[PDB]
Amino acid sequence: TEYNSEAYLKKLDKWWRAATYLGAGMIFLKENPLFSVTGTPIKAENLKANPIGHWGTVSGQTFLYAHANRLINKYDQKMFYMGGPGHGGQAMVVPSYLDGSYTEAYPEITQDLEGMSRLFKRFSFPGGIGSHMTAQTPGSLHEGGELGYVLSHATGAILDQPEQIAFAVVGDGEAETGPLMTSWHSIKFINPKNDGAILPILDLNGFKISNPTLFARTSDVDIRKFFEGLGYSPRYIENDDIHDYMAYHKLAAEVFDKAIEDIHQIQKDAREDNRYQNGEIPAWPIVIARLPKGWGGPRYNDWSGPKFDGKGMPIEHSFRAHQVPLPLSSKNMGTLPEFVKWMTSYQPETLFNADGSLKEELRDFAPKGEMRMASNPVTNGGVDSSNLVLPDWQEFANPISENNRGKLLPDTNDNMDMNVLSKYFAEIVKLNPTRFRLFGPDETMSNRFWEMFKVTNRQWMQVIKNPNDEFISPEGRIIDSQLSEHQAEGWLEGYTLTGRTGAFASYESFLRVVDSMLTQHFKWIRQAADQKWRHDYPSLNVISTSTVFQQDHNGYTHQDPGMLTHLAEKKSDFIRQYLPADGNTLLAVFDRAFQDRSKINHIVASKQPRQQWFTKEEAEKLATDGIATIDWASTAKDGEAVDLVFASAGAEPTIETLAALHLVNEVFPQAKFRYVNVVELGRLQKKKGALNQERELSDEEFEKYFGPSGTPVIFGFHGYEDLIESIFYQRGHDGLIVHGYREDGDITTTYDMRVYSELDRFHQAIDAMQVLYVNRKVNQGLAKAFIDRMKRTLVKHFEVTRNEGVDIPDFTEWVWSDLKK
């Protein structure tokens, strides 16, 4: 009863207004924050010249934040705040400022007049703090700039964290996005026996930037139908008199009380009785809060513009409240009277002392210590942020040696790199039963994670109908049963930022559905690295498999390897892209990836049976150094001059480049060349701008592999050719002869997909012989006879593939053999 009395709710109301007062003031003022309490009227010099920030969403989110604090203290609940409308950065900064966590992160921002003035001036100021809930914000793991991912992130955050609740505010405009709409299905994968809970609040403030919202103009009856159809239990916070603030507080206290209690009851039944393990979906609460936009701020634009019913255009309860609600500035003080009236309406003299500190009677409202949402270790790298316990990856390595390199192992499944990787992943689940997860979009089986299903199932909460279904269970370390890349990526990001490690595998082309989500995750960890008070994070591991050259049953629309270019443009110090050519290298790169911190790890991996090349010693070197000269594939020994260099990155390119130099060496053993296998592609760059040099090769190391400028380089690449061309310009190295994907392909045979882009051995061999002849390193008779033979083979390729639907033995039957000399 003590957390439900009107005396207590009036204290909450004051704390609420205290937070909203500061959030509003820092939009316009850079000093003199308590002008009406300290008896110092506003002067032009106190005002910002170009006020920046958002107002509309703020007061509604601080209302919800205040009520979240009440729940924490009343129920002793571990909880954290996630702001869907992240553009209202004040809704997280000042609540942290009021409970002392902000000062703990920023000692100079003290809880007095000096520190308050310092905070006002830093807000949305050059070199200060942003307007959004960036990593500068204590308690944030979600910036909310690019809208739509707050619920998928919240789900990943509460997976395997049974004691945590995610207090997730969803903007009603945000609710119109694709990712947000489908993220409501997340409760079909949350098992209350082992996982925490998300408490979603739909912030139905009625408007977005310039429009009303589709859900706000949906009736409460239809809103109920929508959420009940998805398995939720909707409860409503609304009132006919929007300024009877105490009426909202009483109702919010009732609704939120039953929301937590129903969540706890759901968790009790699942953990003590074993409920919800038979296909029953818990009736998870969802709170629909109709809190008018710009709540408690300017009501009408009376100072300019047209009139309606003797008043200016409405600001409160309209889109016009979204950003800066007044034209006030140091250059335009016309609306200063309106600002003073607005700011004093909060009664700041009842909220703050003259010395800037919060009134004594309000200091016990917020939680203390780690119970504060801004201090919850979930929001600062996770309660436990340690890396995985890894087994020795060599226990799952292929037995490659000098005598079977470049050949197919007897068990076809061992020639499938993804399947070999699943062996390693399967053991990791055994060693990390609660802190490792695999995510996919209905592709884990198609991507050949076959060993994973020997140790776990896909987590699936709805009814199960074996044998029509397979490898699904209410408890599972894999989450794969929703067809949405946004979901898989959002879950992984939330899981990763909260201290755990996982992997998200997808068809290569369709991982680009999530191009912008990866951008945002890079942005976050890059900014988080600049915060000395923040712990680092585990790395985000995304796998591009079923790649351009391995989409047999799916044609041209499943071919886009451009993710390599997209991520190569970010700061390299936070990006690690790996193109292992075989299973042993793939195992070795993930041993490294799983130990790296605050990275995005992008691995391009093969799933179809392919020749295996490198010993587990060679694989270790390739994964550690990321690049290497392969002596058994080279005719030029250490420190020798070369006529050209062969290099490749990727499984298919490596097979074809190795085959090309073999074909050349068969007729011309005198040609001197090195073969260089490229795994860590970022090592080759030399970009302008800082935070790109951590792994870039020195000029000496680069020349050791590719020789001096002018050295021809036959470079087989998995992705688009522009990325390699930019690299060799950055390195000032003329002579690159790139062979990558050229946006050509369709339904065809395995090796014709390589001929489509002229990546194949025969087109590469021609270019190699042509440059040798052009450089007068070989006589014309031999050059012409060889090139004619390569051309004859390609003619046969086109006849057999179009007439028979199979590849020629020149491709299919080839195995590696020692070079001549």
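The first residue of the sequence shown is number 1, and the count goes up from there.
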{"item": "Comparing 237 to 245 with 371 to 379, the one whose average Cα B-factor in the PDB entry is higher", "value": "237 to 245"}
{"item": "808 to 816 versus 13 to 21 - which carries the larger mean C-alpha B factor in the record", "value": "808 to 816"}
{"item": "Out of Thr134, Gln577, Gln520, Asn274, highest CA B-factor residue", "value": "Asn274"}
{"item": "Candidate residues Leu492, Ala690, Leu663, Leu586, the one whose C-alpha B factor the record puts highest", "value": "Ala690"}
{"item": "Cα B factor band for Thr57 (lowest, middle or highest third within the chain)", "value": "lowest"}
{"item": "B-factor third for the C-alpha atom of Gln482 within its chain", "value": "lowest"}
{"item": "Among modelled residues of the same chain, the CA temperature factor third for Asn46", "value": "middle"}
{"item": "Third of chain Cα B-factors occupied by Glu725", "value": "lowest"}
{"item": "B-factor third for the C-alpha atom of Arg70 within its chain", "value": "middle"}
